[PDB]
Amino acid sequence: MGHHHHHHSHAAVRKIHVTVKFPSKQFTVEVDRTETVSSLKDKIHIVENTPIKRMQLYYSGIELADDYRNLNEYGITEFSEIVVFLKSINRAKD
């Protein structure tokens with residue numbers, strides 16, 4: 001909620017293509033390799049209806065629950081399969 005300032009840590013870098021898999025839809029997003037987990041969910045939140053805190057990102061067995069860490073911390077490269085498990089079972093959604 002706020003605090004989202006613009007920052008260009010590296011302009012001379014190629015953004016990677018991550019595969020965002022929901023329990024319904026599948027789409028690819030261009031994100032930086034030093035992108036924060038929060039900033040990953042930010043971009044996904046812009047695409048999908050799911051709120052950031054409710055959707056959990058799973059990368060090849062690792063739960064990306066640390067909002068403060070970056071993707072490089074988990075070792076995420078291009079064509080990665082990010083499985084998004086939605087933690088909302090009281091009211092279902094597509």
# chains A, B, ... in the order shown; residues from 1 in each chain; ligands from 1
call {"tool": "residues_around", "arguments": {"residues": "region 72-81 of chain A", "least_positions_apart": "6", "cutoff": "9 Å", "atoms": "only C-alpha atoms", "output": "PyMOL selection string"}}
result
chain A and resi 15-21+28+33-36+58-60+62+64
call {"tool": "select_by_dssp", "arguments": {"residues": "region 57-91 of chain A", "states": "helix (DSSP H, G or I)", "output": "VMD selection string"}}
result
chain A and resid 71 to 74
call {"tool": "write_last_selection", "arguments": {"atoms": "N, CA and C atoms", "output": "PDB file, in the first residue's frame"}}
result
ATOM      1  N   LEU A  71      13.603 -12.013  -7.362  1.00  0.00           N
ATOM      2  CA  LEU A  71      13.524 -13.268  -8.098  1.00  0.00           C
ATOM      3  C   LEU A  71      14.894 -13.926  -8.203  1.00  0.00           C
ATOM      4  N   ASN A  72      15.941 -13.108  -8.280  1.00  0.00           N
ATOM      5  CA  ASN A  72      17.310 -13.618  -8.382  1.00  0.00           C
ATOM      6  C   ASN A  72      17.688 -14.415  -7.136  1.00  0.00           C
ATOM      7  N   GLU A  73      17.078 -14.066  -6.006  1.00  0.00           N
ATOM      8  CA  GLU A  73      17.310 -14.771  -4.750  1.00  0.00           C
ATOM      9  C   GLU A  73      16.895 -16.236  -4.857  1.00  0.00           C
ATOM     10  N   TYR A  74      15.844 -16.490  -5.621  1.00  0.00           N
ATOM     11  CA  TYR A  74      15.327 -17.841  -5.781  1.00  0.00           C
ATOM     12  C   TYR A  74      15.956 -18.522  -6.994  1.00  0.00           C
TER      13      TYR A  74
END
call {"tool": "atom_distance", "arguments": {"atom1": "CA of residue 56 (chain A)", "atom2": "CA of residue 86 (chain A)"}}
result
6.0 Å
call {"tool": "select_by_dssp", "arguments": {"residues": "chain A", "states": "strand (DSSP E or B)", "output": "list in words"}}
result
residues 16, 17, 18, 19, 20, 21, 26, 27, 28, 29, 30, 31, 36, 55, 56, 57, 58, 59, 62, 63, 64, 70, 80, 81, 82, 83, 84, 85 and 86 of chain A
call {"tool": "atom_distance", "arguments": {"atom1": "CA of residue 54 (chain A)", "atom2": "CA of residue 87 (chain A)"}}
result
5.1 Å
call {"tool": "atom_distance", "arguments": {"atom1": "CA of residue 91 (chain A)", "atom2": "CA of residue 46 (chain A)"}}
result
20.7 Å
call {"tool": "residues_around", "arguments": {"residues": "residue 68 (chain A)", "least_positions_apart": "3", "cutoff": "10 Å", "atoms": "only C-alpha atoms", "output": "MDAnalysis selection string"}}
result
chainID A and resid 36:39 65
call {"tool": "write_last_selection", "arguments": {"atoms": "C-alpha atoms", "output": "mmCIF file, in the first residue's frame"}}
result
data_model
loop_
_atom_site.group_PDB
_atom_site.id
_atom_site.type_symbol
_atom_site.label_atom_id
_atom_site.label_comp_id
_atom_site.auth_asym_id
_atom_site.auth_seq_id
_atom_site.Cartn_x
_atom_site.Cartn_y
_atom_site.Cartn_z
ATOM 1 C CA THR A 36 11.059 -8.095 -6.211
ATOM 2 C CA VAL A 37 8.532 -10.785 -5.239
ATOM 3 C CA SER A 38 6.206 -7.920 -4.373
ATOM 4 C CA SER A 39 6.854 -6.370 -7.773
ATOM 5 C CA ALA A 65 6.270 -15.896 0.101
#
